[PDB]
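One structure is given below, encoded as structure tokens.
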Amino acid sequence: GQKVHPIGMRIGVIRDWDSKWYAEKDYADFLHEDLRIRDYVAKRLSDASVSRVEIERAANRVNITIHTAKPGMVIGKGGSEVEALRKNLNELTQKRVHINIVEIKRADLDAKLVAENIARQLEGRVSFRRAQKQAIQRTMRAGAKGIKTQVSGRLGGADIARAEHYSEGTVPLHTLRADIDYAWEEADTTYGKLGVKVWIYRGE
Amino acid sequence: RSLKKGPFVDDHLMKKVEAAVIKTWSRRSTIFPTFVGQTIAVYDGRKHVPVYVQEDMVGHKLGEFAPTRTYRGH
Amino acid sequence: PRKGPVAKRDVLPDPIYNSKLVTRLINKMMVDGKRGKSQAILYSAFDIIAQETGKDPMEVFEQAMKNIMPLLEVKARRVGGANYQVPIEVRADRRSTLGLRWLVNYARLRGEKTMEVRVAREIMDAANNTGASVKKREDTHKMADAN
Amino acid sequence: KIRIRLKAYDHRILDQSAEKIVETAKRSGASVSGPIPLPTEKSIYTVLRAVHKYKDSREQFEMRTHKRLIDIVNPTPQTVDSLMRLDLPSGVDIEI
Amino acid sequence: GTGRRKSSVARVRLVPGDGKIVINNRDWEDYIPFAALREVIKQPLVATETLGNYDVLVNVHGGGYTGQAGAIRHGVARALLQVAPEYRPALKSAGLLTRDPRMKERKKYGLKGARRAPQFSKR
Amino acid sequence: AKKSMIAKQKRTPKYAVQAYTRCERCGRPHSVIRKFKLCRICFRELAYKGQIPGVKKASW
RNA sequence: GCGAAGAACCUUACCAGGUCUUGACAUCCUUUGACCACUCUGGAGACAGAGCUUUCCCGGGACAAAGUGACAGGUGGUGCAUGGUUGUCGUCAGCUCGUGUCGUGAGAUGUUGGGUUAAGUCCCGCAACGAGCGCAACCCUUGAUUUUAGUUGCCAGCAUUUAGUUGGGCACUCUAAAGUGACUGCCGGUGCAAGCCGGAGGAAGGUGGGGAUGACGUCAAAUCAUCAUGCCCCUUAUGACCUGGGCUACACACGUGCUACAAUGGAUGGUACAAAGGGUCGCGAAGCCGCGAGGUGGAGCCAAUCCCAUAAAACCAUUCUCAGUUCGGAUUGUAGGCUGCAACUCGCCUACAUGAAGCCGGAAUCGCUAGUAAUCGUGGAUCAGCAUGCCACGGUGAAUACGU
Ligand SMILES: [Mg+2]
Ligand SMILES: [Mg+2]
Ligand SMILES: [Mg+2]
Ligand SMILES: [Mg+2]
Ligand SMILES: [Mg+2]
Ligand SMILES: [Mg+2]
Ligand SMILES: [Mg+2]
Ligand SMILES: [Mg+2]
Ligand SMILES: [Mg+2]
Ligand SMILES: [Mg+2]
Ligand SMILES: [Mg+2]
Ligand SMILES: [Mg+2]
Ligand SMILES: [Mg+2]
Ligand SMILES: [Mg+2]
Ligand SMILES: [Mg+2]
Ligand SMILES: [Mg+2]
Ligand SMILES: [Mg+2]
Ligand SMILES: [Mg+2]
Ligand SMILES: [Mg+2]
Ligand SMILES: [Mg+2]
Ligand SMILES: [Mg+2]
Ligand SMILES: [Mg+2]
Ligand SMILES: [Mg+2]
Ligand SMILES: [Mg+2]
Ligand SMILES: [Mg+2]
Ligand SMILES: [Mg+2]
Ligand SMILES: [Mg+2]
Ligand SMILES: [Mg+2]
Ligand SMILES: [Mg+2]
Ligand SMILES: [Mg+2]
Ligand SMILES: [Mg+2]
Ligand SMILES: [Mg+2]
Ligand SMILES: [Mg+2]
Ligand SMILES: [Mg+2]
Ligand SMILES: [Mg+2]
Ligand SMILES: [Mg+2]
Ligand SMILES: [Mg+2]
Ligand SMILES: [Mg+2]
Ligand SMILES: [Mg+2]
Ligand SMILES: [Mg+2]
Ligand SMILES: [Mg+2]
Ligand SMILES: [Mg+2]
Ligand SMILES: [Mg+2]
Ligand SMILES: [Mg+2]
Ligand SMILES: [Mg+2]
Ligand SMILES: [Zn+2]
């Protein structure tokens, strides 16, 4: 028996969608762009610890507010990437592309960013058990009421695959009022696929 | 066309037969009342089965005569 | 049910001659939700049974009660790694349930043309202590008589 | 004598937004036809779960469209001026 | 008055009169052929002794022919009781102010019907 | 013989009938819902994450 | 009745024949510039040959053509190498931790024992006292009700028209946002208590009915053919382009459905009551031609308004009178309609004709505990067209549960 996606069933009861853009008979054009204008942003600012890119469009102009854990890397004193990506995002959407970054707080609460701390490390040939436990205790200081990191795949360079994980504390999934996050990344090692999974119960 | 407002040959079988063995490649081009006495070769997925368009077999789709599955007993 | 007993409902007093032996045998009549087909028939059978017999249709319909109600139902008791015929005394459940089943299950034996009279003839036929429905009751007690 | 139609997916965002213009309508004009409900459209998409066989497992998503319309009874010059000057939450549908 | 059952609803206005139980701008015996099922509609008027004392006006929407019969019975049983509170002590016992809660059932995927299922064969 | 054929879906054929529809992220031929242009497996995998607005799980 | 929520072509991965090589399809570069689209001949087309030809924008910029390669390109292999995503045990009631205590020790206790429950649910008794993920609850829909807003819905008070049509009003319904209501709450017996048996009241009584939600893990379970990936193999062919064909073949055996074998029925005419959905380059009305499937016509509609859209079982009269028939409808001939470049292999439907097995099915086997099974219709997804299947919606509405 396989779980549900603890986001995929919290949507619309305690959390909105990653896109707020009404459309009348033009959804197919808008929706396909809300899946590719989120791909150029995915690689151009890949190292800037971007977690959510909530695209909102209205009146023939689009707004994509990129929320990052390294706010000064995308925009700031350089003032160039924001203008530089204003050319690339607008060269695809064929209209205005206004982006306003949002600065993250308590970086060990965003699961995508939290599991990229264990997705590069494992790709650098580190221990599976050490990699998760060194950071599971690390993020546990921040204030998360729970954690569960698992690193599933052909772990440890063996010829037979097996599963590994960890935990600490409370993380009730079956309660619908839980503010639970989730993320899943690809540990593209030199030998195969080993994708990790991380999620974080939070305040209430 | 099974509708009474139509009757079509392929594009060229009628043209080649108009001047004029005949090997019209594909199929489907029912023998009208202007081709009795000019044998054609309607292809069959392999080889060219020879059929001689007589006066009786007029109207029928050209393909019908050449079978496609070889079943010589169980 | 593997947990205790249950009690049944079968209760909705009918419009004409309000009773539950006439909303029952009117529910053990229909097929695939055909309440209307049966209800008219079950009132036309009374119409012919109230004329060709004379007495009250309800008393004539209930006259065939003691002639169809079974007394001993041969039970299939498991003894010696098999099943045998151990007779027992039927309860009120298998009395009226069986009893009203006997008629309709024997509605192919009146041999009429329409079910309006066929159900009307059988009730009278058992009400005469004759016919097959009463014979069927006597037949059941016969196999129960052997054991 | 105008008519505005609201079509938003979440009933909270639109019914709050309609509660704003209906207030601005009262200031612009006493004669206001307040917010009013219309039946909500539902659609269902029964996509199948497994990547391959096992035909008996699927998962059903839905997509509502909550609707509300606001009109004007005996409007004034303020209606034309004071209506277009508002921006509603992204998702609310405006059509006058 | 107002009475539902299944997908049908019936709204009843009850005023004193001869006793003609009109239904939906037509005579009731025209509107219901099988009068034997229409006698239960008099249960909210025979359990309390007010059979031919009021003329019953009805409005009908939806359901099926038997579908209103349960709703009109209830739809008046909540109005005769409102005429005088003395009627409740017997109209609230026969089973008349109660609203039948049974309704048709959703069809669940993987099943032919609501509760049925495919046919099963082992090997 | 797969990534060749997406060009066959894209290019305008010599007869309207030849033209069919396939998923706009992975060119899966079967089960493409026209309101989205996504196959069954793309459509569900985005709905969980939440790219498609309005769509949510339907208890009933 | 499995991937396939649509195999004429296409899709198509397969066969035959015919054709291409940096390739049909990407990134690195250069010489040209916006390249195309169009007509004529041949061919089955794939492709060759002729012409006007594509008038770029601001040295730079997008897009393209032509020139050799780095490369591409594999629905080619290994699910006993993998990410995934799933299934079944199973919505079964389990899986553990901290502090104490017993044991030299792995370990044990808590979590065993008596009742109770849908449930390690709850109580009592014990060297244990507590807690976390699972159960229950939070969430959705149906059953009663308050307030709010009353149109495109509703029509009582008023009349008005063939018609709720018209003024006019949000009274009732109904739509939809915020609330109330049910918790063994009260009474009797019983129990020590948990609870169990019954009664009032209430729309609703014992988690009211139904969804969503699937713990620790099992099957080296399914999928390299959704996407991605370790390693291998082909890389002027195991890659690529077209036309035809196969995917629908038949001497047979098995799984899931449809239609019947008749009087609770057929035939003829009349005639009544739904719920839930879909519609813009789309739904397509009225009239007109038709037995006919349909064609012409274009009203109203970006829809609580108009359309798809007359629901059938039921009911009321006449006829049939227990026959392989006034049941059944396969099969075949002729004659037709629709879409599509094209209905022969191989689509759907209509009329006339033809009229076959079947007269309630052997041993055995399947589903369902109430609006359930059974039975009669309607809508959607895919969709130029094609569904007895799938996903949803309603109408008529049963039978029995002693017991393991
Ligand atoms: Mg394991
Ligand atoms: Mg959650
Ligand atoms: Mg054979
Ligand atoms: Mg499931
Ligand atoms: Mg009361
Ligand atoms: Mg079931
Ligand atoms: Mg097609
Ligand atoms: Mg198959
Ligand atoms: Mg594997
Ligand atoms: Mg296999
Ligand atoms: Mg199962
Ligand atoms: Mg010790
Ligand atoms: Mg245990
Ligand atoms: Mg349970
Ligand atoms: Mg639960
Ligand atoms: Mg409820
Ligand atoms: Mg109220
Ligand atoms: Mg009001
Ligand atoms: Mg009680
Ligand atoms: Mg419940
Ligand atoms: Mg439930
Ligand atoms: Mg389920
Ligand atoms: Mg294992
Ligand atoms: Mg395995
Ligand atoms: Mg196997
Ligand atoms: Mg393969
Ligand atoms: Mg993938
Ligand atoms: Mg992908
Ligand atoms: Mg096949
Ligand atoms: Mg087939
Ligand atoms: Mg079979
Ligand atoms: Mg019969
Ligand atoms: Mg018939
Ligand atoms: Mg509707
Ligand atoms: Mg019919
Ligand atoms: Mg019928
Ligand atoms: Mg016949
Ligand atoms: Mg024949
Ligand atoms: Mg024949
Ligand atoms: Mg004959
Ligand atoms: Mg016949
Ligand atoms: Mg024959
Ligand atoms: Mg059950
Ligand atoms: Mg749809
Ligand atoms: Mg099929
Ligand atoms: Zn896809």
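Note on naming: chains are A, B, ... as they come in the structure tokens, residues start from 1 per chain, ligands start from 1 in the order shown.
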**Request:** Identify all chain A residues at most 7 Å from chain D by counting only C-alpha atoms; ligands do not count. Present them as a PyMOL selection string.
**Result:** chain A and resi 20-22
**Asked** Skipping near chain neighbours, those fewer than 4 positions away, what residues fall within 8 Å of region 8-20 of chain F using only C-alpha atoms (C1' of nucleotides), listed as number ranges by chain?
**Response** F: 4; G: 9-11, 340-341, 384
Take the residues that were just selected and, keeping N, CA and C atoms (P, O5', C5', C4', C3', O3' and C1' of nucleotides), output them as a PDB file, in the first residue's frame.
ATOM      1  N   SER F   4      11.092  10.185 -33.310  1.00  0.00           N
ATOM      2  CA  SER F   4      10.789  10.528 -34.691  1.00  0.00           C
ATOM      3  C   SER F   4       9.339  10.962 -34.838  1.00  0.00           C
TER       4      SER F   4
ATOM      5  P     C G   9      -6.275   1.243 -40.568  1.00  0.00           P
ATOM      6  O5'   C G   9      -5.798   2.399 -41.548  1.00  0.00           O
ATOM      7  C5'   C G   9      -5.475   2.115 -42.917  1.00  0.00           C
ATOM      8  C4'   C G   9      -5.051   3.388 -43.594  1.00  0.00           C
ATOM      9  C3'   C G   9      -4.125   4.266 -42.772  1.00  0.00           C
ATOM     10  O3'   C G   9      -2.768   3.869 -42.927  1.00  0.00           O
ATOM     11  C1'   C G   9      -5.904   5.575 -43.594  1.00  0.00           C
ATOM     12  P     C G  10      -1.884   3.540 -41.638  1.00  0.00           P
ATOM     13  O5'   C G  10      -1.823   4.939 -40.885  1.00  0.00           O
ATOM     14  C5'   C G  10      -1.276   6.096 -41.533  1.00  0.00           C
ATOM     15  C4'   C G  10      -1.556   7.317 -40.700  1.00  0.00           C
ATOM     16  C3'   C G  10      -1.235   7.178 -39.221  1.00  0.00           C
ATOM     17  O3'   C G  10       0.152   7.356 -38.948  1.00  0.00           O
ATOM     18  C1'   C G  10      -3.391   8.077 -39.445  1.00  0.00           C
ATOM     19  P     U G  11       1.012   6.132 -38.370  1.00  0.00           P
ATOM     20  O5'   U G  11       0.795   6.246 -36.800  1.00  0.00           O
ATOM     21  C5'   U G  11       0.588   7.521 -36.180  1.00  0.00           C
ATOM     22  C4'   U G  11      -0.364   7.359 -35.029  1.00  0.00           C
ATOM     23  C3'   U G  11      -0.105   6.148 -34.153  1.00  0.00           C
ATOM     24  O3'   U G  11       0.979   6.368 -33.242  1.00  0.00           O
ATOM     25  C1'   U G  11      -2.398   6.247 -34.675  1.00  0.00           C
ATOM     26  P     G G 340     -16.717  15.767 -43.133  1.00  0.00           P
ATOM     27  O5'   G G 340     -15.552  14.849 -43.705  1.00  0.00           O
ATOM     28  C5'   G G 340     -14.487  14.432 -42.865  1.00  0.00           C
ATOM     29  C4'   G G 340     -13.794  13.201 -43.395  1.00  0.00           C
ATOM     30  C3'   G G 340     -13.391  13.223 -44.859  1.00  0.00           C
ATOM     31  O3'   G G 340     -12.206  13.954 -45.089  1.00  0.00           O
ATOM     32  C1'   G G 340     -14.355  11.128 -44.317  1.00  0.00           C
ATOM     33  P     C G 341     -12.137  14.990 -46.309  1.00  0.00           P
ATOM     34  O5'   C G 341     -11.589  14.129 -47.538  1.00  0.00           O
ATOM     35  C5'   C G 341     -11.558  14.674 -48.850  1.00  0.00           C
ATOM     36  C4'   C G 341     -10.980  13.723 -49.875  1.00  0.00           C
ATOM     37  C3'   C G 341     -11.566  12.322 -49.956  1.00  0.00           C
ATOM     38  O3'   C G 341     -12.807  12.275 -50.642  1.00  0.00           O
ATOM     39  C1'   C G 341      -9.206  12.233 -50.160  1.00  0.00           C
ATOM     40  P     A G 384     -12.109  13.651 -34.224  1.00  0.00           P
ATOM     41  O5'   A G 384     -13.497  13.911 -34.958  1.00  0.00           O
ATOM     42  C5'   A G 384     -13.802  15.185 -35.511  1.00  0.00           C
ATOM     43  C4'   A G 384     -14.481  15.059 -36.850  1.00  0.00           C
ATOM     44  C3'   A G 384     -15.462  13.907 -37.001  1.00  0.00           C
ATOM     45  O3'   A G 384     -16.749  14.214 -36.488  1.00  0.00           O
ATOM     46  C1'   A G 384     -14.050  14.041 -38.915  1.00  0.00           C
TER      47        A G 384
END
Chain D near chain F within 12 Å: what's each residue's closest atom pair and its distance in Å to one decimal, counting only C-alpha atoms, ordered by chain then ascending residue number, as a tab-separated table?
residue	atom	partner	partner_atom	distance
D:7	CA	F:54	CA	11.7
D:8	CA	F:54	CA	9.0
D:9	CA	F:54	CA	5.8
D:10	CA	F:54	CA	8.0
D:11	CA	F:54	CA	11.5
D:41	CA	F:54	CA	12.0
D:42	CA	F:58	CA	10.2
D:43	CA	F:55	CA	9.4
D:44	CA	F:58	CA	7.9
D:45	CA	F:33	CA	9.1
D:46	CA	F:40	CA	9.2
D:47	CA	F:40	CA	5.8
D:48	CA	F:40	CA	6.9
D:49	CA	F:41	CA	8.1
D:50	CA	F:41	CA	8.7
D:51	CA	F:41	CA	7.3
D:52	CA	F:41	CA	10.4
D:58	CA	F:44	CA	10.4
D:59	CA	F:57	CA	8.2
D:60	CA	F:58	CA	6.0
D:61	CA	F:57	CA	4.5
D:62	CA	F:58	CA	5.3
D:63	CA	F:55	CA	4.8
D:64	CA	F:54	CA	7.0
D:65	CA	F:54	CA	8.3
D:66	CA	F:54	CA	10.8
D:90	CA	F:53	CA	11.7
D:91	CA	F:53	CA	9.5
Save the residues we just selected, C-alpha atoms, as an mmCIF file, in the first residue's frame?
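part17.cif written:
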data_model
loop_
_atom_site.group_PDB
_atom_site.id
_atom_site.type_symbol
_atom_site.label_atom_id
_atom_site.label_comp_id
_atom_site.auth_asym_id
_atom_site.auth_seq_id
_atom_site.Cartn_x
_atom_site.Cartn_y
_atom_site.Cartn_z
ATOM 1 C CA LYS D 7 -16.729 33.433 -11.485
ATOM 2 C CA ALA D 8 -14.021 32.259 -9.086
ATOM 3 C CA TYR D 9 -12.888 28.795 -8.080
ATOM 4 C CA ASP D 10 -12.758 29.402 -4.313
ATOM 5 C CA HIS D 11 -15.910 30.705 -2.667
ATOM 6 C CA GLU D 41 -20.683 24.043 -12.082
ATOM 7 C CA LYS D 42 -18.915 20.816 -11.169
ATOM 8 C CA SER D 43 -16.791 18.644 -13.424
ATOM 9 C CA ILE D 44 -15.025 15.367 -12.705
ATOM 10 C CA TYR D 45 -11.937 13.781 -14.274
ATOM 11 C CA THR D 46 -11.559 10.069 -13.516
ATOM 12 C CA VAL D 47 -7.922 9.473 -14.396
ATOM 13 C CA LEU D 48 -6.566 5.954 -13.931
ATOM 14 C CA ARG D 49 -4.016 5.271 -11.186
ATOM 15 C CA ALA D 50 -1.649 2.543 -12.351
ATOM 16 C CA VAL D 51 0.986 3.122 -15.024
ATOM 17 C CA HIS D 52 -0.054 -0.176 -16.570
ATOM 18 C CA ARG D 58 -8.526 5.276 -10.497
ATOM 19 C CA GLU D 59 -8.563 8.689 -8.863
ATOM 20 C CA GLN D 60 -11.169 11.410 -9.300
ATOM 21 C CA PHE D 61 -10.425 15.136 -9.315
ATOM 22 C CA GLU D 62 -12.993 17.911 -9.508
ATOM 23 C CA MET D 63 -13.127 21.562 -10.481
ATOM 24 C CA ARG D 64 -15.904 23.860 -9.329
ATOM 25 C CA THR D 65 -16.809 27.350 -10.508
ATOM 26 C CA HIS D 66 -18.627 29.369 -7.874
ATOM 27 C CA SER D 90 -6.276 37.146 -9.104
ATOM 28 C CA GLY D 91 -8.891 34.494 -9.809
#
**Message:** Show me, as a PyMOL selection string, the residues of chain G whose atoms get within 7 Å of chain E, using only C-alpha atoms (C1' of nucleotides) for the distance check.
**Reply:** chain G and resi 143+203+273-274+366-368+371+395
**Request:** One decimal, Å: what's the distance from CA of residue 51 (chain E) over to CA of residue 39 (chain E), could you say?
**Result:**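 Distance between the two atoms: 11.1 Å.
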**Request:** When you get a sec, could you note down which chain E residues fall within 8 Å of chain C, using only C-alpha atoms, as a count of residues only?
**Result:** 4
**Prompt:** Using only C-alpha atoms (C1' of nucleotides), which residues sit within 10 Å of region 100-102 of chain C once same-chain residues fewer than 2 positions away are excluded, as an MDAnalysis selection string?
**Reply:** chainID C and resid 21 24:26 28:29 65 68:70 94:98 104:107 132:134 136:137
**Request:** Show me which residues sit within 9 Å of ligand 22 when counting only C-alpha atoms (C1' of nucleotides) and all ligand atoms, and put them as a PyMOL selection string.
**Result:** (chain D and resi 57) or (chain E and resi 108) or (chain G and resi 91+211-214)
Save out the residues we just selected, N, CA and C atoms (P, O5', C5', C4', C3', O3' and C1' of nucleotides), as a PDB file, in the first residue's frame.
ATOM      1  N   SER D  57      -8.436   0.607 -10.364  1.00  0.00           N
ATOM      2  CA  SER D  57      -7.961   1.653  -9.471  1.00  0.00           C
ATOM      3  C   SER D  57      -7.810   2.944 -10.253  1.00  0.00           C
TER       4      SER D  57
ATOM      5  N   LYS E 108     -19.684   3.616  -7.344  1.00  0.00           N
ATOM      6  CA  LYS E 108     -18.265   3.648  -7.015  1.00  0.00           C
ATOM      7  C   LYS E 108     -17.449   2.916  -8.065  1.00  0.00           C
TER       8      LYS E 108
ATOM      9  P     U G  91     -10.274  -4.054   2.040  1.00  0.00           P
ATOM     10  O5'   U G  91     -10.774  -2.819   2.904  1.00  0.00           O
ATOM     11  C5'   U G  91      -9.912  -1.724   3.187  1.00  0.00           C
ATOM     12  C4'   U G  91      -9.527  -1.700   4.641  1.00  0.00           C
ATOM     13  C3'   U G  91     -10.676  -1.493   5.624  1.00  0.00           C
ATOM     14  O3'   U G  91     -10.397  -2.236   6.806  1.00  0.00           O
ATOM     15  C1'   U G  91      -9.050   0.134   5.984  1.00  0.00           C
ATOM     16  P     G G 211     -18.605   3.928   0.777  1.00  0.00           P
ATOM     17  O5'   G G 211     -18.271   5.133  -0.194  1.00  0.00           O
ATOM     18  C5'   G G 211     -16.940   5.549  -0.400  1.00  0.00           C
ATOM     19  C4'   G G 211     -16.881   6.964  -0.903  1.00  0.00           C
ATOM     20  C3'   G G 211     -15.510   7.596  -0.852  1.00  0.00           C
ATOM     21  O3'   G G 211     -14.717   7.238  -1.959  1.00  0.00           O
ATOM     22  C1'   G G 211     -17.079   9.067   0.091  1.00  0.00           C
ATOM     23  P     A G 212     -13.348   6.453  -1.720  1.00  0.00           P
ATOM     24  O5'   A G 212     -12.349   7.614  -1.318  1.00  0.00           O
ATOM     25  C5'   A G 212     -12.137   8.698  -2.202  1.00  0.00           C
ATOM     26  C4'   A G 212     -11.599   9.904  -1.487  1.00  0.00           C
ATOM     27  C3'   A G 212     -10.331   9.698  -0.696  1.00  0.00           C
ATOM     28  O3'   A G 212      -9.177   9.697  -1.506  1.00  0.00           O
ATOM     29  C1'   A G 212     -11.868  10.907   0.597  1.00  0.00           C
ATOM     30  P     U G 213      -8.100   8.522  -1.368  1.00  0.00           P
ATOM     31  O5'   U G 213      -7.545   8.695   0.107  1.00  0.00           O
ATOM     32  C5'   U G 213      -6.888   9.886   0.497  1.00  0.00           C
ATOM     33  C4'   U G 213      -6.706   9.956   1.991  1.00  0.00           C
ATOM     34  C3'   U G 213      -5.960   8.811   2.648  1.00  0.00           C
ATOM     35  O3'   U G 213      -4.557   8.901   2.509  1.00  0.00           O
ATOM     36  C1'   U G 213      -7.884   9.284   3.889  1.00  0.00           C
ATOM     37  P     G G 214      -3.712   7.653   1.969  1.00  0.00           P
ATOM     38  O5'   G G 214      -4.239   6.413   2.806  1.00  0.00           O
ATOM     39  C5'   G G 214      -3.779   6.194   4.132  1.00  0.00           C
ATOM     40  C4'   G G 214      -3.555   4.735   4.428  1.00  0.00           C
ATOM     41  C3'   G G 214      -2.418   4.072   3.664  1.00  0.00           C
ATOM     42  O3'   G G 214      -1.897   3.026   4.475  1.00  0.00           O
ATOM     43  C1'   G G 214      -4.422   2.986   3.154  1.00  0.00           C
TER      44        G G 214
END
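With CA of residue 55 (chain B) on one side and CA of residue 14 (chain B) on the other, the separation reads 16.4 Å.
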**Message:** Residues contacting ligand 15 - anything with an atom at most 9 Å away, using only C-alpha atoms (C1' of nucleotides) and all ligand atoms - can you give me those as a PyMOL selection string?
**Reply:** (chain A and resi 174-175) or (chain G and resi 91+135-137+213)
**Request:** For residue 87 (chain E), please output as number ranges by chain all residues within 10 Å (counting only C-alpha atoms (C1' of nucleotides); exclusion window: fewer than 2 positions along the same chain).
**Result:** E: 44-45, 47-50, 77-85, 89-92
Create the file for the chosen residues now, containing N, CA and C atoms and written as a PDB file, in the first residue's frame.
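Once everything was written out, this is again-v6.pdb:
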ATOM      1  N   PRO E  44     -52.620  11.357   6.891  1.00  0.00           N
ATOM      2  CA  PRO E  44     -52.517  12.589   7.686  1.00  0.00           C
ATOM      3  C   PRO E  44     -53.848  13.275   7.925  1.00  0.00           C
ATOM      4  N   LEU E  45     -54.948  12.705   7.433  1.00  0.00           N
ATOM      5  CA  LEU E  45     -56.274  13.247   7.657  1.00  0.00           C
ATOM      6  C   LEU E  45     -57.260  12.209   8.173  1.00  0.00           C
ATOM      7  N   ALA E  47     -55.865   9.730  10.590  1.00  0.00           N
ATOM      8  CA  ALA E  47     -55.311   9.512  11.922  1.00  0.00           C
ATOM      9  C   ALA E  47     -55.735  10.622  12.868  1.00  0.00           C
ATOM     10  N   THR E  48     -55.866  11.838  12.354  1.00  0.00           N
ATOM     11  CA  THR E  48     -56.580  12.905  13.036  1.00  0.00           C
ATOM     12  C   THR E  48     -57.899  13.121  12.308  1.00  0.00           C
ATOM     13  N   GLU E  49     -58.980  13.275  13.068  1.00  0.00           N
ATOM     14  CA  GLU E  49     -60.313  13.270  12.481  1.00  0.00           C
ATOM     15  C   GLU E  49     -60.602  14.562  11.729  1.00  0.00           C
ATOM     16  N   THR E  50     -59.956  14.747  10.583  1.00  0.00           N
ATOM     17  CA  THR E  50     -60.160  15.922   9.740  1.00  0.00           C
ATOM     18  C   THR E  50     -60.180  15.513   8.270  1.00  0.00           C
ATOM     19  N   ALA E  77     -48.968  16.356   6.380  1.00  0.00           N
ATOM     20  CA  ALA E  77     -48.827  15.965   7.775  1.00  0.00           C
ATOM     21  C   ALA E  77     -48.068  17.002   8.585  1.00  0.00           C
ATOM     22  N   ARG E  78     -47.313  17.879   7.935  1.00  0.00           N
ATOM     23  CA  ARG E  78     -46.662  18.978   8.629  1.00  0.00           C
ATOM     24  C   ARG E  78     -47.495  20.250   8.631  1.00  0.00           C
ATOM     25  N   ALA E  79     -48.654  20.248   7.976  1.00  0.00           N
ATOM     26  CA  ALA E  79     -49.551  21.399   7.961  1.00  0.00           C
ATOM     27  C   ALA E  79     -50.781  21.198   8.833  1.00  0.00           C
ATOM     28  N   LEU E  80     -51.402  20.017   8.773  1.00  0.00           N
ATOM     29  CA  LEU E  80     -52.498  19.716   9.685  1.00  0.00           C
ATOM     30  C   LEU E  80     -52.030  19.802  11.127  1.00  0.00           C
ATOM     31  N   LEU E  81     -50.796  19.373  11.391  1.00  0.00           N
ATOM     32  CA  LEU E  81     -50.228  19.514  12.727  1.00  0.00           C
ATOM     33  C   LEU E  81     -50.056  20.980  13.103  1.00  0.00           C
ATOM     34  N   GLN E  82     -49.689  21.823  12.137  1.00  0.00           N
ATOM     35  CA  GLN E  82     -49.526  23.246  12.415  1.00  0.00           C
ATOM     36  C   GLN E  82     -50.858  23.961  12.602  1.00  0.00           C
ATOM     37  N   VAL E  83     -51.963  23.372  12.140  1.00  0.00           N
ATOM     38  CA  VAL E  83     -53.269  24.000  12.329  1.00  0.00           C
ATOM     39  C   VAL E  83     -53.589  24.110  13.812  1.00  0.00           C
ATOM     40  N   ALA E  84     -53.454  23.000  14.537  1.00  0.00           N
ATOM     41  CA  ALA E  84     -53.674  22.965  15.967  1.00  0.00           C
ATOM     42  C   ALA E  84     -52.631  22.025  16.560  1.00  0.00           C
ATOM     43  N   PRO E  85     -51.932  22.438  17.621  1.00  0.00           N
ATOM     44  CA  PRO E  85     -50.888  21.573  18.192  1.00  0.00           C
ATOM     45  C   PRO E  85     -51.419  20.284  18.801  1.00  0.00           C
ATOM     46  N   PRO E  89     -49.615  15.071  18.851  1.00  0.00           N
ATOM     47  CA  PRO E  89     -49.466  13.888  19.716  1.00  0.00           C
ATOM     48  C   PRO E  89     -49.847  12.576  19.050  1.00  0.00           C
ATOM     49  N   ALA E  90     -50.508  12.609  17.898  1.00  0.00           N
ATOM     50  CA  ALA E  90     -50.775  11.407  17.123  1.00  0.00           C
ATOM     51  C   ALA E  90     -50.157  11.433  15.736  1.00  0.00           C
ATOM     52  N   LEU E  91     -49.954  12.615  15.151  1.00  0.00           N
ATOM     53  CA  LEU E  91     -49.262  12.695  13.872  1.00  0.00           C
ATOM     54  C   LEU E  91     -47.758  12.498  14.018  1.00  0.00           C
ATOM     55  N   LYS E  92     -47.218  12.644  15.225  1.00  0.00           N
ATOM     56  CA  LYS E  92     -45.806  12.401  15.482  1.00  0.00           C
ATOM     57  C   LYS E  92     -45.541  10.992  15.993  1.00  0.00           C
TER      58      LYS E  92
END
**Request:** Extract, using only C-alpha atoms (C1' of nucleotides), all DNA, RNA and protein residues at most 7 Å from residue 72 (chain E), discarding same-chain residues fewer than 3 positions from it, and format them as a PyMOL selection string.
**Result:** chain E and resi 3+10+41+68-69+75-76
